[PDB]
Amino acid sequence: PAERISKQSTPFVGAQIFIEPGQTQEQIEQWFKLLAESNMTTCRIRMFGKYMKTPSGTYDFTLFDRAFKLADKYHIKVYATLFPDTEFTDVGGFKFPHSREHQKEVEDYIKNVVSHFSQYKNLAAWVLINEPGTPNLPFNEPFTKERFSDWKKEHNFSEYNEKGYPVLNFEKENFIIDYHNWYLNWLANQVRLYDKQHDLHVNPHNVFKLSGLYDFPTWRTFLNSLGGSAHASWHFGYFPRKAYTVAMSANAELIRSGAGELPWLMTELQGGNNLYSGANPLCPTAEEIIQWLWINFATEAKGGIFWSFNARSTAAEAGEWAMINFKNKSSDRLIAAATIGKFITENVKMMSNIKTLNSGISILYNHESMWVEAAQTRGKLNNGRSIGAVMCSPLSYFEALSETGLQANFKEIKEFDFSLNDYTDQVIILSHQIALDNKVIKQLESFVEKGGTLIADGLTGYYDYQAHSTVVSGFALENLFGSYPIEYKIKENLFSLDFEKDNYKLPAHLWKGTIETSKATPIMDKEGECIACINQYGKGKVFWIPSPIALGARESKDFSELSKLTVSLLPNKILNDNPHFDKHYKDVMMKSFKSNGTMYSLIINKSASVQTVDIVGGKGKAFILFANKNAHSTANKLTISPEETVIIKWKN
């Protein structure tokens, strides 16, 4: 009898309801009443073990009963997060058991909480753990140390590869993937001992840094939905604030890819102000709240839940993050969120059946490029010679395509389907993916042979998965690229690649690559060096430019040339069938989606000026369905104000 989320569910707007001792019945009722009046249907509650434990060690559920009963009274469904006892100062929760004894305390917590709260008819989902993964993994603790020792003994690694060269085996990184898989699957199995009825959910976080911890295809085996925390103040450090549209779109695409056939939703969005908390503190504008909800729904999200409706009262984040003001009335952020909840109720059929319009462009990242980069840059936090270049590179291509109004997937390489017979009009972008193995190179050969277009820039494929450079021993991509690297020469943080005949002046970052072509067509620069090539490989094509041009775009804060070059390489079908911009627009984004056979476009202007965007491609005439600052169109030229969000319905 519990409702099960699906790809046909009506999306919801929701908020964390922060429950701690000291709150009154009257305060909590005020929150649920305003939450229901704000067109929110869902809340999330942290089921703190600390606030159910009695002196004698029995479980007292009264604090959480009070909240579940008020949610039920106001017809609000609950996402219940399993959060066992931990220090009051531990804001995010522990990520693994400390010890075998602690594992047994967690077993007991799950037994007690799931057996009790599974009986409430307004329970919508169990969140297995808050925010799996951390930059500070507990290798000091006995539980983790023992698990890592056992894992190493069950794996058979050599210090040399088949040809006899030294290798790195990345035991720690490969263990951490398996360790997350094990603990999340164990938590799922524990819940399922007591409740087989309710959805299981989890919220990976800080995905542009922690994606190397996460094996989403394995997690699909035990989840009913994938979530995510995407907080502007913690997770978007690689972007300026005016590009948090791009950051949220990439974060949504990354989760959507991880989810595969499962529905996804954004478990945490920033609902309010940073006083002392956050790395990049802000108070989201009402305009930002609208931008984030639409970007997520346009990327197939089945929900957006804000951290938080109400604030914590003591120490860390006291009076921070809240959508309500200190009088428990609506901020401009809650008023904005309420307009989106209202829009959904008035447009149920459209909003329940959203499918992202895939351009056929996939930007791929792999765990192994991140792991090899961490070994080579020895943890430096400065450019290409720092942690993060292997994620900033593909995010920069993502930004360039967003400013061209083109959708792009953002996927771990294992989430891409390499099993099809035809890849005509499909495109893969491998931007500074410095580690590729023989198995993945065979998949890319098959993809291109069957009509795929491959774009590769930066140090893509310089190393294999053992940090062995085939560029030195015998280049594994020679066959596919129809060419061979000659040299990298370090330059300044920003330099220009000036193509022969002035066809392009591409900003580039740090390293200039030169190559020698065999089967590929060489592209020369004005200094007479070969800096790029195009290989015809079976029915498909490869464009290779071994200088970092996506990081060059990032460093110059100018994506226009990267946009123009990328558009010139795209199959005609992509530009004919997908609405996009007639040219590059700085600080504008568009993404299109379909619902029940009708096409829609989402447009957001993040520039300081009114913009007239000329939309070309696909079919139909613009009908403005949503526009929070009175945008207007003349033919398919959209006039859109700073910070405005527009939804166009494409008619016949």
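For clarity, a rigid core is taken as the largest C-alpha set superposing within 1.5 Å between two forms. Each residue number is its position in the shown sequence, starting from 1.
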Return whichever of 494 to 502 or 545 to 553 has the larger RMS Cα deviation from the displayed form in 5 other deposited structures of this protein, where every structure is aligned on the rigid core. 494 to 502
Looking at residue 382 and residue 383, the deposited sequence has unmodelled residues in between totalling 1 to 3
Between 210 to 218 and 498 to 506, the record assigns the higher mean Cα B factor to 498 to 506
Quick note on 372 to 380 and 552 to 560: per-entry mean CA temperature factor is higher in 372 to 380
For the listed 91, 490, 305, 290, which has the peak Cα B-factor recorded in the PDB entry? 91
Among 565, 248, 82, 401, where is the Cα B factor highest in this entry? 565
Place residue 631 in the lowest, middle or highest third of its chain's C-alpha B-factors, as listed in the PDB entry. middle
When the modelled residues of the chain are sorted by Cα temperature factor, does residue 437 land in the lowest, middle or highest third? middle
Determine, from the deposited record, the chain-internal third of the Cα B-factor for residue 24: lowest, middle or highest. highest
Comparing residue 333 with the other modelled residues of its chain, is its CA B-factor in the lowest, middle or highest third? middle
Within this chain, which third does the Cα B-factor at residue 524 fall in: lowest, middle or highest? highest
